[PDB]
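Enquirer: Coordinates for the following, if possible.
(chains A, B, C, D, E, F, G, H and I)
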Amino acid sequence: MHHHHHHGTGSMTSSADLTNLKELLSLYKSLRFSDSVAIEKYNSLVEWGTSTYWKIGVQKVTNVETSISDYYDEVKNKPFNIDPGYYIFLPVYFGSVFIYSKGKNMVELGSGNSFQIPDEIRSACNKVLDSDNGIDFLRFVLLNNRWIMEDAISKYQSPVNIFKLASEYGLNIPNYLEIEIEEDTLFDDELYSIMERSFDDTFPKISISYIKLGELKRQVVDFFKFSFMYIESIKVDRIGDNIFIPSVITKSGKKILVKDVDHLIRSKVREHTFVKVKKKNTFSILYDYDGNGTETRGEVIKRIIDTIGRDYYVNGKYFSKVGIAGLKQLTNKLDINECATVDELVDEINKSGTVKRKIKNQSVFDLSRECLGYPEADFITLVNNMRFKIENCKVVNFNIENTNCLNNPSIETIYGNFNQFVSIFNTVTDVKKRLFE
Amino acid sequence: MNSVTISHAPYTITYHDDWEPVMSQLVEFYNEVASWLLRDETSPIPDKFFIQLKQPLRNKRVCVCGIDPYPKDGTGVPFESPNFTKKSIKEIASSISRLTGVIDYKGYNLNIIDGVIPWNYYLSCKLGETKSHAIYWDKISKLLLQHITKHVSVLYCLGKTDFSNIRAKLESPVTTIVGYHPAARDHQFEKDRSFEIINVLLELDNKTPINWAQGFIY
Amino acid sequence: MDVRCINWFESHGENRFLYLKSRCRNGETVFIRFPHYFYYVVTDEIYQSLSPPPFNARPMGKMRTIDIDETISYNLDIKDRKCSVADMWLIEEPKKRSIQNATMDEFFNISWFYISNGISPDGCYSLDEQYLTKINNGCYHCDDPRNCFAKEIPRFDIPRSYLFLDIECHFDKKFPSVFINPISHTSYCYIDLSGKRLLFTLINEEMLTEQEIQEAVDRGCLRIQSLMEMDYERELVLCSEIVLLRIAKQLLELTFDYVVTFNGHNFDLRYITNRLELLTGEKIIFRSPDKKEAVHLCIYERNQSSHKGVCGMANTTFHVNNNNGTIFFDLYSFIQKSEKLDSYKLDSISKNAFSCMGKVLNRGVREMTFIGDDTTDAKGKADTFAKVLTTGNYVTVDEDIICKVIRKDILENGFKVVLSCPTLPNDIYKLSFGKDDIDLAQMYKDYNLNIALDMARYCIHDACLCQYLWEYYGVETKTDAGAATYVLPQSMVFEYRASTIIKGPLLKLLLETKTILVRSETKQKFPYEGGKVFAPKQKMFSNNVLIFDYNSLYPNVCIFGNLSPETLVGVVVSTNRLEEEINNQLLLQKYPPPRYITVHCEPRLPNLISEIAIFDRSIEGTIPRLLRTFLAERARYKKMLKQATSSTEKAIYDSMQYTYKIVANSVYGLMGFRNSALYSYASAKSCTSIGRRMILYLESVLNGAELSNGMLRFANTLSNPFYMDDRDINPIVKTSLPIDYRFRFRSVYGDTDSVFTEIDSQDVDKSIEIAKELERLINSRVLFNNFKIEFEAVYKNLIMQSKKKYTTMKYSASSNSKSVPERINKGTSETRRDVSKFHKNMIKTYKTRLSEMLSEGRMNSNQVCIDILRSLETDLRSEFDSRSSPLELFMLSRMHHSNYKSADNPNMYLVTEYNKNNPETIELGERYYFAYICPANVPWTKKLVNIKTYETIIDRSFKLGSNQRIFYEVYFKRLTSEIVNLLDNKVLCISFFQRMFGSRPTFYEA
Amino acid sequence: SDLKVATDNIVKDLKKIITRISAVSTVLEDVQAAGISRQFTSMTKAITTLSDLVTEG
Amino acid sequence: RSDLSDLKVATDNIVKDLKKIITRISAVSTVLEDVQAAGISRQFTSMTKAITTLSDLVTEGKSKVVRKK
Amino acid sequence: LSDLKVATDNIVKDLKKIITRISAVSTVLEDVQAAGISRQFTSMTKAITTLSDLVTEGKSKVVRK
Amino acid sequence: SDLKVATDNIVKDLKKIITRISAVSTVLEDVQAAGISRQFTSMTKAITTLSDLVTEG
DNA sequence: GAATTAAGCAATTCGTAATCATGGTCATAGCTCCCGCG
DNA sequence: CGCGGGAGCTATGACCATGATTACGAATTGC
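Expert: Residues are numbered from 1 along each chain as shown, chains lettered A, B, ... in the order given. This is the structure:
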């Protein structure tokens, strides 16, 4: 029976498994850059490598710290002399740092979770990555619902023409200035201030990254002063159709900018207590520090909501509003003209082929969840703890089964707005009935 | 570099300092297999059985493992042919020429490459026979290849039927490549790209890629 | 022309031929050569699209191709399964041809030869000789296996030839080497075509002096100098080792039906062929039946890599590359695959197999006479013991005392043997063929003629022991049953695991049903939930426990639920409860409950909350029709076993129904296995879900069941849980029992397919009668469709340590109160092979003592806790001080493999150190005896560090040194932990375990 | 009631101290946490001696 | 309040001020010991309530500053 | 009482407790003056003046000369 | 009603201390006499500070 | 020369290794007083 | 008289040692 081998080996010498191993190598070199999906693909491919070649030099990973600091260097807060040569200056922005690696998902620094981005920004990033293969990742900044490319770190080419292409497909970019130097100019506070002024961007920048033409391992330089300013109140500001930013306010009226809700709650900002800020020339930037109080995560979220208002819930990086919710919210989430009833809505969805295709592909629960701007996992956790009475795909009656989810105030706020969610869900079930049935 | 006594016909085994922890057991096995081995006219010269023991193992990171020497005109170094009449080393030269593009070569040698130790599993074969001295070289081959796979990172095996049990023959897990034999029909050694796979698997283990163009003889 | 198929076998390269070894009625062996093709199945348009024309193409009819893809659906908008009916052709190719979009490529070419030509591999066939083309004497060529193999005559008996052998080799060290140690003895059991069972042993004359040789000739052992002088009739023949090996080569080159040797491919036949290349250079040449090709005997090492964890190499079996049609059978590999024993060497296998009860009629000072017959033991056990005792030399008495046989007399229905035994008090003892109290290295060291004849007797005992193990396990009948059932060659029956042995009857099923199952997408990985093992509600039962086991539960689950990959309409999943309720309502409307069954399973993904699989029961699938065929054929062969009178036909039909039982149990496991041809994650997970639901249903009706006034009242409503059923749902059920019975039933435990019901009664025959009433009432009213339970046993004094670990006495349905209790132990330390025999014996005696306190009456557990702790303390200190118990009673075992996540595991390193230091090579899958050894100079140790570094593998050559000792403390730790887990109060047990070993004992929580 | 108003303004001044350390205690460093935990444990040792001296007499 | 370029001077202020109130409370400790040694009859239930309130206040102060990591 | 070492040790260790207690009296008087409650210190002034007279007499009588 | 009896007990303890120093003071010897004199300078400094606190109003 | 198979999970026990509760010890800041030198 | 050097008490966080907890893997049985 040696027409069947003694212990049969696969076609692991073939060129297809060679390309699979090269994909494993390229994904291992960008293991910290990639999302959770490419990490799971890497783990499955390492399992394949152990199954075939009996030992692989790399190993399966469970948690990966998402850090692009290997392509960066330690930041300095002292004035320093710079070398002569060509230099490209790119501002580093205040908001949450995100990267778009070759896994075609939007990777978040510090947690590695894949963030949900709009379709036009996704298409522009895909066209940027398909135009130029040599880009390792696309560093982005999320603040005030604006996806802006802070930097485009690549090995071979400069980021200047990459930023020009990003301007071509519609990605928002900072102003690039190629300013050369002759002598060893001391990079002091005045030259940094006039450089930030010459950037001429109204968006909040925290530091400035200078780019060498032919040298990698790029450096960020930050000038700031640690300050401790007393706090009057925490006020919310409108940055979108339904969502809000936290903005913490001192006694004098200086607006200390907060990166996101997670930045506000990991530093444990309390009313009438001191906070750690990075003092700048114009803006005030809160430090990325951890609070030292004994108050837990749910209780600090609860007291932040109680100070802001009980009609607010945490939606990822931004707070959000609840209230009356009819056809206009579904209209603005369908990016079409205003509606008074179901019939005009379904007729103009029949007019709009792309909108009809998006209705067909997306489920009714996902559509109605995105209509009211709910978080994904938090709303799944809320629905998974309660029962429903359903007739003809419509929630005619709902009652809550587990009270233990209501200690989280975001879950309680979505449970308060669940009547409007039920109304909008009945509307979208009616729409899906009058289109595809 | 180091030498131990042998009661039988080679009478001397020259080995490197990193080949030391297997030598007492290799002499123990050879002193019981050689009295029956040396009756047959071996394809390598019996003084050339252990040339590959004169090679260090720390600098080697990949091992090209054949099952036996060539049945005629055995040099004693695996896949070494100054005459270059052997078909197997001709297919190795063809595959490395497909890797590099270097088509103007007189011969090929896997011994001269940095990081490559060419290996015969069974260290000798009878003239005109394949796997003839397998029963003599079985435990010796298990011991010596276990030492190599403890030292090197990637194991490359030039036989599908011959090296099908290579995970049983080695006690420690190693990166093993059970590739097709160069003399195999249906052009399966022409089809596969195992040396590229060797290079990729070595960069997965943070090792230096093999300059395969070093093995060409001009 | 009437033949019966012996073996099927393929040509070794060059032209690829398939041969059939067959036997006529007169005993003449008939070989039929077939052209073996690479069979391929394509559609009509692919068949005409082939640029090279096929060698052969037979019209296979309109066969449906179904895409079996488990695609989850988050709504009920599920597309229909891709069924494409097309004309299909069997592309028979002499060379391997890569055909794009060729379906049914998973099956073997030998199975495609079998099903398409209508040939059963275990079948008797009248051959049309016009299709047979004669090649040479005894070999034919059949180019048309359709019309030639068309007449299936019934089964006729055949004179099968056999060569059971075993060899002995000289050794001064622990294990022989081939190159420096000669062969001393080669014994054979030459059963030829005439049935003349010849038991002859070859003596090596080079290990004897010349005066010793002529003394052996004068003692009756003839001496030969060549092959032509050799006579197989004389039992003891002296020769040189070259003549001995040429006799071995001549015997192995003979075309036997079965050459069977225990550990022979690994050791005996390999040593024979290697020493044959050594001394004379000859080779055991296996020639083809048409004599075109001739191959030499080369033992190829076949390793079975595991499929769990790191997918390391798990088992290693050694085989012979013969092409003459002989099924070279290694019994060591077969009993390694089948039986669960501590060591698989021949002594322990013969001890477990040939065990008999022997009463004592005559007692002596040193000669103790044992008589065994049908009164002492079961029917046929004493006859088997006499059959082994015909060539046997040593009998082990009461598992401890090994006795040499002085004189042996074979009775008509039993045996009569005197034994070298001390005088013993009891009358009935267990007689078995265990170890052999000789030291074979020293016995070879002082080698003289009496030693040579004694180990010739031991060698012929081992060679005939291969025959007695062959007939004990029914390996010829199991081989024929596996050939007919799995539709494999007779050589290929045991050498393949579940997937290849299901690919035959699945090929049969797919060609009757005109179905093709294809998997276009890749197969991804999910864990799921198996059967529901209930928590035992009481740790002890003084009452009887009724055992209601489902008759092949998961086959009935698949047949009932139509749980096949192609009958899966879709998998409905929900990430939220609202979509779950919408999908529940739309599943109630869209798929009606009689035609479709909705199986509420666990989620395959962590974000999902529900996963419902829908199965169409309008037509039955591959899994239900395959399992219905398996269960119907098992019932049919069991029925013919009931209407059989001869022991041979009874053995054939018993092996037939056993093989159908094994393959029907295997269909479950191949659905969950990812790489199988039966793979369906939805159908396997639905099988476990529906089986769990039936377990909950049968437990819930039997929880609190009250049989009052001759009427059975079930506590819960008798509803079919999957759908509304037409049958009656009234829980109060009339019985056929007397009115005075007022008994309460409590379902205390539940297995994967068994539900344990505790009746409050303690009378045995009453419990058996009431439980038979419960079984028939459940099968008539509680259960439904194909679901039937079989009452297995009444468990008297059932002692459950934990889940899946219990010890009890068997009172089966056929048994009664007057019958002797039979000890069923399941999952506890007596079945455990990582538990020493000392631990097993003491847990048996102390559990019997606690069973005795439960049988005497209600008395407090504090005092009994105290006295068991005192008796245990006395016995463990006496064992630690005296060390009177031998090395064998303190000896654990382990299976060796390479399925290890960590490369530096001390088990793998320990077996590596054994194979590197000691000449015995432990293979993968080998079971090795190990013990815990520390130097004797150390004192009694409370705390434990590096226990696994104290492991040392013990073989037959190992002797305990004076400076070394057994580490008894971990044995006492494990044993004391098992005592205190059975005990009630924790407080005294923790104090005892801290005063004896200084640790906190782990306690099971119910 | 001199000790009453004495304990009253110790309560008032200590509550002012608790409010200002509550204002600054979100952002305290490690060696600060060490030193002020030392200083607070010295003060609670002082009030433990107070409790023992006013309970026993 | 307002802006602090370095917190650490205010930390020196709270350390010295809390040292001052420890000197006050040790002073009232060793003068309450003096009036207990004087032998005058007193009722210190209100002192027990006051030190209970003081203990609650200092445990509130210690509950969120003592433990790191 | 020989060598007067124990008496000197006693009159060193007691006066440290005495200065601790009179600093405690001054500290608690500063505390109750910082309370804001109106108080009168006539008899306290009389006691302070007579203990000042006694401690000046003790200082005049404790001189080594 | 408590500080006056506290300083009365202080005056009584100082009376006992002054009488025992007057008893032992037939011989004092210079180094411990100078130490007690510097302790009396600390005494009159504390008395001067408390007299300032009672005369400041 | 090559040629593929390979049953599922539940559940328990024993040993090993990472992690943490508890406790001992050691620097270490506070911190408080004794002595002293101008 | 006033502040520095020094010496000794005194808790107190950081760190190390010991032992109990728990995940983690192998062995094994069961069904």
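Enquirer: At the contact with chain D, which residues of chain A appear?
Expert: Chain A has residues A:228, A:230, A:267-270, A:272-276, A:289, A:291-293 near chain D, with proximity defined as CB under 8 Å from any CB of the partner chain. The C-beta positions use only the backbone N, C-alpha and C, and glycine is treated the same way.
Enquirer: In the residues you listed, find the pair that's most separated.
Expert: A:272 and A:289 (18.7 Å; CB to CB).
Enquirer: any idea how chain A splits into domains?
Expert: A:1-62, A:70-221, A:225-320, A:322-436 (automatic domain parsing).
Enquirer: Could you find the closest non-adjacent residue to the residue positioned nearest the centre of chain D?
Expert: Centroid-nearest residue in chain D: residue D:43, 5.5 Å away (criterion: CA atoms, centre = their mean). Spatial nearest neighbour of residue D:43, chain neighbours left out: residue E:22 (5.5 Å); criterion: CB to CB, 6 or more residues apart in numbering or on different chains.
Enquirer: sec struct for the one you found, please.
Expert: With DSSP: H, G, I helix; E, B strand; the rest coil as the basis, residue E:22 sits in helix.
Enquirer: what about it, distance to DNA strand H?
Expert: Using CB to the nearest atom of the strand, to the nearest Å, residue E:22 is found at 7 Å from DNA strand H.
Enquirer: how close does that residue sit to residue C:25?
Expert: Distance check for residue E:22 against residue C:25: by CB to CB, to the nearest Å, it reads 114 Å.
Enquirer: on that earlier part again, adding distance to residue C:333, write the domains of chain A out as TSV.
Expert: Shown next, in TSV, are these (distance: least, CB to CB, whole Å):
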stretch	distance to residue C:333
domain A:1-62	13
domain A:70-221	48
domain A:225-320	60
domain A:322-436	52
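Enquirer: Indicate which one of these is closest to residue C:810.
Expert: That would be domain A:1-62 among the domains of chain A, by CB to CB, at 41.6 Å.
Enquirer: Could you give the separation between the terminal residues of that closest one?
Expert: Domain A:1-62 has its terminal residues 42 Å apart, counting by CA to CA, to the nearest Å.
Enquirer: Next to DNA strand H, which bits of chain B? Give me the list.
Expert: B:130, B:159-162, B:180-181, B:183-186, B:188 (CB under 7 Å from any atom of the strand).
Enquirer: Repeat the analysis, applying 10 Å as the threshold.
Expert: Selection of chain B residues close to DNA strand H by CB under 10 Å from any atom of the strand yields B:66-68, B:70-71, B:87-88, B:129-131, B:157-164, B:178-189.
Enquirer: show me the contacts for the closest residue to chain G within the stretch 51-200 of chain A.
Expert: Nearest residue of the stretch 51-200 of chain A to chain G (CB to the nearest CB) works out as residue A:77 at 48.4 Å. Going by CB atoms under 8 Å, 6 or more residues apart in numbering or on different chains, residue A:77 touches A:222-224.
Enquirer: Residue B:174 now?
Expert: Counting by CB under 8 Å, 6+ apart, residue B:174 touches A:54-55, B:149-150, B:152-155.
Enquirer: gap between the residue of chain A found nearest chain G and residue C:896?
Expert: At 35.2 Å from chain G, residue A:230 is the closest residue in chain A, using CB to the nearest CB. Computed as CB to CB, the residue A:230 to residue C:896 distance reads 72 Å.
Enquirer: what do you get for residue A:371?
Expert: From residue A:371 to residue C:896 the distance is 62 Å (CB to CB).
Enquirer: Can you tell me the SS state at residue C:301?
Expert: Relying on three-state DSSP, one would call residue C:301 strand.
Enquirer: Would you list the phi and psi of the closest residue in space to residue B:205 that isn't next to it in sequence?
Expert: Spatial nearest neighbour of residue B:205, excluding adjacent residues (CB to CB, 6+ apart): residue A:57 at 2.8 Å. Note on residue A:57: backbone dihedrals following degrees, to the nearest 10 are phi -70, psi -40.
Enquirer: How about the secondary structure of the residue in the stretch 301-437 of chain A that chain E sits nearest to?
Expert: For the stretch 301-437 of chain A and chain E, the shortest gap (CB to the nearest CB) falls at residue A:303, measuring 13.6 Å. Following three-state DSSP, residue A:303 is assigned to helix.
Enquirer: show me the contacts for it.
Expert: A:270, A:295.
Enquirer: Based on its surroundings, how many neighbours for the closest residue to residue C:226 other than its chain neighbours?
Expert: Distances taken as CB to CB, 6+ apart put residue C:243 closest to residue C:226, at 6.2 Å, once the chain neighbours are dropped. Number of residues near residue C:243 (other CB atoms under 10 Å in any protein chain shown) recorded here: 22.
Enquirer: Please, which helix or strand holds residue C:243?
Expert: Assigned by DSSP states H and E, residue C:243 falls within helix C:241-253.
Enquirer: Distance from that helix to the middle of the chain?
Expert: 34 Å (CA atoms, centre = their mean, to the nearest Å).
Enquirer: residue contacts, residue 39?
Expert: All of this refers to chain A. So residue A:39 contacts A:31, A:61, A:64, A:112 (CB under 8 Å, 6+ apart).
Enquirer: oops, I was thinking of chain C
Expert: Per CB under 8 Å, 6+ apart, neighbours of residue C:39: C:90-93, C:107, C:109, C:112-113, C:116.
Enquirer: so which residue of the stretch 301-450 of chain C comes closest to chain A?
Expert: residue C:303 (4.3 Å).
Enquirer: again with the stretch 851-1000 of chain C
Expert: residue C:903 (8.3 Å).
Enquirer: thinking that residue is in contact with residue B:170, fair?
Expert: No - contact criterion CB atoms under 8 Å: residue C:903 and residue B:170 do not qualify, at 11.1 Å.
Enquirer: out of those two, which sits in the more crowded spot?
Expert: A direct count of neighbours by other CB under 10 Å for residue C:903 and residue B:170 places residue B:170 higher, at 19 against 14.
Enquirer: Any residues of chain B in contact with chain C? List them.
Expert: Residues of chain B lying near chain C (CB under 8 Å from any CB): B:25, B:32-33, B:35-36, B:135-136, B:165, B:167-168, B:171-173.
Enquirer: For whatever residue of the stretch 151-300 of chain A ends up closest to DNA strand I, which non-adjacent residue is closest in space?
Expert: Nearest residue of the stretch 151-300 of chain A to DNA strand I, counting by CB to the nearest atom of the strand: residue A:292, 12.6 Å away. For residue A:292, ignoring the flanking residues on the chain, the nearest one in space by CB to CB, 6+ apart is residue D:28 at 5.7 Å.
Enquirer: Around the one you found, how many other residues sit close by?
Expert: Neighbours around residue D:28, by other CB under 10 Å: 22.
Enquirer: which residues does it contact?
Expert: A:292, D:36, E:11, E:65.
Enquirer: Closest one to chain B out of the contacts of residue A:39, please.
Expert: Taking CB to the nearest CB as the measure, chain B lies nearest residue A:31 of the contacts of residue A:39, at 11.9 Å.
Enquirer: pretty sure that closest one contacts residue A:61?
Expert: Yes - using CB under 8 Å, residue A:31 is in contact with residue A:61, at 6.8 Å.
Enquirer: Now list whatever residues contact both of the two.
Expert: By CB under 8 Å, 6+ apart, the residues touching both residue A:31 and residue A:61 are A:39, A:42.
Enquirer: Residue C:744 belongs to a strand, doesn't it?
Expert: Yes - Residue C:744: assigned to a strand according to three-state DSSP.
Enquirer: Any part of the longest helix seen in chain B near chain A?
Expert: Determined from DSSP state H, the single longest helix within chain B is helix B:134-151. No - using CB under 8 Å from any CB, helix B:134-151 stays clear of chain A, with a minimum separation of 9.2 Å.
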